[PDB]
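Numbered from 1 within each chain, the chains take letters A, B, ... in sequence-line order. Indexing begins at 1, ligand by ligand and atom by atom, following the structure's order.
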Amino acid sequence: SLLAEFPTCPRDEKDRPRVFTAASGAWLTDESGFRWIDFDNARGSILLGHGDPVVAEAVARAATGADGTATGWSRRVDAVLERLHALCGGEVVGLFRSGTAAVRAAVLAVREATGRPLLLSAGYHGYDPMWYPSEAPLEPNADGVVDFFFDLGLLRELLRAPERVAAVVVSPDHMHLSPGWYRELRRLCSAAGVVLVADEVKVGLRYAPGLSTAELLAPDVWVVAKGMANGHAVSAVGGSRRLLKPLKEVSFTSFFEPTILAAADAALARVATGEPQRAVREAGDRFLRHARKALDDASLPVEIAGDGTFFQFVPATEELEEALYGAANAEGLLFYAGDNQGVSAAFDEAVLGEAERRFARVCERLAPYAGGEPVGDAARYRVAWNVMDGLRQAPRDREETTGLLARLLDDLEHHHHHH
Amino acid sequence: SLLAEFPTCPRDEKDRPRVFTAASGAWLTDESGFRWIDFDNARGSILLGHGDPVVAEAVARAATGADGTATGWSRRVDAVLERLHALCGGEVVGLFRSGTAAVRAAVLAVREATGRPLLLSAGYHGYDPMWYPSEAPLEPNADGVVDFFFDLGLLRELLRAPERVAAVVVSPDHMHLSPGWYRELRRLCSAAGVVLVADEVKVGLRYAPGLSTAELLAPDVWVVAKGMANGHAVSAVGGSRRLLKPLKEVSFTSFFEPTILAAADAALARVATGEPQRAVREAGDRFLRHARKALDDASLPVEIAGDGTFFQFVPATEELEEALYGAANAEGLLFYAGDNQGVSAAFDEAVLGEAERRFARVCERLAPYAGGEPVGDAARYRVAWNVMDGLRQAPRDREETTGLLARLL
Ligand SMILES: Cc1ncc(COP(=O)(O)O)c(CN)c1O
Ligand SMILES: Cc1ncc(COP(=O)(O)O)c(CN)c1O
């Protein structure tokens with residue numbers, strides 16, 4: 001009861017946080033001694049594995065003072081900046097202490113540099129009150145943000161009068177939006193003459209050694225975080241000197257803290273090769289071939305969206321979704337409940353074999369659900385909203401859009417989110 | 001050229017950042033190999049010393065996974081929250097990733113909980129644009145903040161309409177404001193029925209094992225940061241459940257990152273004894289006895305405000321200020337230029353002897369300024385503004401305040 005916040009974390013059947021006492025690679029141990037295989041991985045910020053030895057040794061050494069001081073500049077600051085700039089492009093780069101801080105700073109900078117008041121947004125951008133929803137949909141909230149819920153129909157309407165729009169700010173999802181969705185967003189922004197900000201806090205550096213939307217969107221400004229430091233407390237923005245000039249006003253006390261620079265430098269050295277990203281895609285795709293087969297062989301109506309990099313279970317009903325995570329928890333498979341699963345590079349052959357055996361047993365426990373009505377679009381929309389906070393791509397008419405927004409938002413009114 | 005930000009850090013004569021390759025206790029080594037005694041200490045966030053061995057082992061252990069995972073809860077979370085609650089009081093505690101994030105979340109929470117639009121501010125609260133200057137003084141900025149510059153006269157004017165005030169939010173300075181200033185602030189807040197938020201990011205946990213203003217202000221909500229983790233990336237807010245209920249909407253990805261929790265737990269354990277704060281006060285005070293005598297024997301018009309916990313040089317002119325830091329730089333004494341000096345618990349007898357010897361040499365280098373015109377009030381206001389972003393305490397009538405604000409802005 002001391003904690004004033006409500007952090008997203010694995011929680012047990014009583015909604016209490018699970019207490020983990022140790023972690024190594026893919027494996028967590030809880031306070032009771034039970035071993036879990038981690039598909040959550042701090043919401044996909046642990047690309048390399050828990051307690052990765054090279055990152056951990058870099059951090060341990062930096063904690064001694066041997067790599068510099070929080071007092072000021074070290075050559076590792078250059079190393080991190082240079083690596084980011086090489087991977088993600090743009091002219092300048094800034095460093096921040098959370099994704100939330102970075103996206104807020106990025107969009108305010110664009111608002112300042114363009115002199116325009118409105119932000120058109122799709123997806124989650126962090127906990128800051130600036131993103132809190134408006135009273136009426138398609139109306140600006142109190143901080144000048146209009147949420148379009150990934151609907152490019154709605155976006156086209158908003159961009160008819162584009163002169164007040166400072167930027168379109170989008171958190172990509174590559175499970176629920178196709179490449180062509182991104183092409184259309186880009187050309188809607190081009191036609192309107194508006195700035196495009198890619199919030200790649202989650203997806204940046206994970207699909208490839210750069211932005212996931214580098215070619216698809218060629219954003220004017222980008223943000224990354226989860227992929228840059230194997231979980232350590234850093235994020236980054238980059239893009240044009242002109243658009244980001246207002247960032248010259250940013251400074252914070254811990255900027256030079258050397259453990260965080262150490263972890264970023266070490267993780268980004270791995271990220272730059274593209275190897276962990278490939279390892280993760282391959283491991284997760286292996287797990288998926290198996291899980292899809294096991295669900296099909298057991299007649300369970302659960303689809304899987306996405307791929308090895310990030311995948312999501314899409315069960316036909318909420319009661320089956322509940323029973324799925326209950327069963328997984330019983331078997332020590334730690335999924336990020338309802339959201340996307342993001343394996344790490346520590347998912348080696350032995351880990352995969354065990355996760356496959358555990359998943360087979362999950363499917364055995366789910367026997368009562370065999371033969372149920374298959375997955376319908378209503379379920380696909382509800383489950384996708386739980387990862388992207390807006391609408392998956394599918395054909396619909398404007399009235400279907402309105403109805404889905406109304407239903408999806410109403411049903412989340414009195415539930416905690418899991419950002 | 002790549003860096004979009006302009007970070008505060010030690011910079012050379014061309015304003016280029018100084019590059020430090022190693023650090024241990026009180027000592028830094030720069031890229032040229034020159035060894036410096038650090039009075040800056042990450043702007044006063046290094047209470048214990050660089051590479052403190054106990055913190056270092058706690059961090060190393062946590063880096064391996066042996067204390068848990070960034071995936072979720074660990075008993076170290078409970079440890080940190082319990083220690084903060086014991087030290088600072090209140091009902092609830094939240095953790096954040098910078099002082100800036102913590103103060104913003106705290107004040108927005110209070111605005112939501114009270115349903116009142118205005119924040120009356122004195123001092124620096126972080127880099128966020130919510131704190132940017134209004135287009136005209138005593139007027140709200142675009143985010144509903146009215147800066148009163150630590151003038152209690154101006155605060156009184158602003159509190160005549162207290163229905164619109166969510167909170168008064170103050171960053172203490174104990175060099176330039178007396179205990180009486182705090183008592184009067186407390187009195188005025190209570191009379192108006194307005195919430196008082198102590199932004200103790202800098203001063204929290206450093207003067208004592210608790211809030212610097214626990215007794216003077218008894219704030220409804222507090223924020224600390226620089227004192228809690230020997231420089232690691234964490235800050236904390238606490239106070240009443242009611243006022244901070246809106247923090248229930250806060251979550252962030254790296255919340256459970258184990259190295260930061262480890263550093264906080266270890267630093268807070270030491271903070272709780274009161275030993276490092278005493279060691280810092282004593283070491284600083286000794287250094288100050290020496291520095292004051294040296295400046296006086298050299299006939300140098302430089303006063304020193306504050307005490308061993310945080311002190312500031314107040315030179316008579318900007319020319320002499322610049323010459324003072326130039327000379328300190330040549331002798332390997334790294335001061336936080338123009339701001340407050342914050343020694344660490346690593347300032348032992350050997351560091352102190354060497355610092356004393358170096359500062360004596362500084363005073364020799366400054367012999368050209370001997371006998372210069374003494375420090376005046378305009379200098380005192382200017383230098384104090386550099387540390388507190390408002391007005392040092394001194395008797396003023398409204399027109400003197402108005403004119404100082406115009407001159408200093
Ligand atoms: C797309 C996006 N943007 C911003 C954020 C916020 O990042 P943080 O949790 O580090 O504040 C997140 C993390 N939920 C994210 O997924
Ligand atoms: C009183 C006060 N409040 C807030 C902040 C911002 O803290 P941070 O630099 O960690 O963002 C500072 C930084 N010195 C401060 O001194």
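Proximity of the aromatic rings of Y124(A) and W131(A) is defined here by a centroid distance below 6.0 angstrom, and this criterion is not met.
For the pair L247(B) and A109(B), the tightest heavy-atom approach, listed with the atom from each and the gap, is CD2-CB, 3.9 Å.
Each of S98(A), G99(A), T100(A), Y124(A), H125(A), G126(A), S171(A), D199(A), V201(A), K202(A), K226(A), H419(A), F252(B), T253(B) has a non-hydrogen atom positioned under 4.0 Å from some atom of ligand 1.
No cation-pi contact links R97(B) to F252(B), judged by a cut-off of 6.0 Å to the six-membered ring centre and 45° from its axis. With a 6.0 Å cutoff to the six-membered ring centre and a 45° limit on the axis angle, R104(B) does not count as a cation-pi contact of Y127(A).
Here the side chain of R206(B) pairs a donor or acceptor atom with the backbone of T309(B) at under 3.5 angstrom.
A perpendicular orientation is assigned to the rings of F335(B) and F311(B), their planes being inclined by more than 60° (bins at 30° and 60°).
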